[PDB]
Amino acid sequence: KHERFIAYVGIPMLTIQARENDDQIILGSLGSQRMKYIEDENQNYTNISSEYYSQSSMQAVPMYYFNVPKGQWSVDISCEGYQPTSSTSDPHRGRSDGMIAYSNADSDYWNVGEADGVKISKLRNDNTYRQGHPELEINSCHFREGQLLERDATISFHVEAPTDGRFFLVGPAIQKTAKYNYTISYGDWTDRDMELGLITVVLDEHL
């Protein structure tokens, strides 16, 4: 017998619609997110569940579900929030065309929570961010209202799973209003692929 080592790593994606960086954006739907899965000597690509944790006309918050097998575990999560966009209809693959910024509000951060069948204890949660210089200008918009470029976090906790269960990770808010839209302006609504950030989840079994 041996203590199991599990990890997930990957970059969830969201397809959005944006016209001119004057107007709001329209968020696509969240669903399966391709991740790399590691369990001891096993490795493969799996899909994790994502959906909206909350949604309003202003913003929407994403959450990502992670399976905890039966057992006791210490979890370490590394998140790097950055939301660069690229045009879906761009003839070339993946040429970045700007990004969506974050609110500087104190309630905006990466967090975790319990889903079916799991007890979270020992939550330690360090959130950091990168700010734009006020006179920074991306596609003719500035950063004078303190919009943020990045929101990162490193989280650790213990988790007891009496049975096979799930916890969820909450991302920072996806801002819908034009204040935070730094995408290239287009004539009519144009699909863009938005990155939601690099997430690394590690689970060490304790026995």
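Note that residue numbering begins at 1 and tracks the sequence as displayed.
Novice: In the PDB record, does 90-98 or 129-137 carry the higher mean Cα temperature factor?
Specialist: Per the PDB entry, the higher value belongs to 90-98.
Novice: Hey, out of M58, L169, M35, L149, whose CA B-factor is highest in the deposited coordinates?
Specialist: Comparing C-alpha B-factors across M58, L169, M35, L149, the top value belongs to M58.
Novice: So where's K70 on the chain's Cα temperature factor ranking, which third?
Specialist: Highest third.
Novice: How does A161 rank on Cα B-factor within its chain, lowest, middle or highest third?
Specialist: Ranked within chain, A161 CA B lands in the highest tercile.
Novice: Using the B-factors in the PDB entry, rank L207's C-alpha atom against the chain and give the third, lowest, middle or highest.
Specialist: It belongs to the highest third of the chain when residues are ordered by C-alpha B-factor.
Novice: Taking the values exactly as deposited, rank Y82 by C-alpha B-factor within its chain and report the matching third: lowest, middle or highest.
Specialist: CA B-factor rank for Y82: lowest third.
Novice: Comparing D193 with the other modelled residues of its chain, is its CA B-factor in the lowest, middle or highest third?
Specialist: CA B-factor rank for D193: lowest third.
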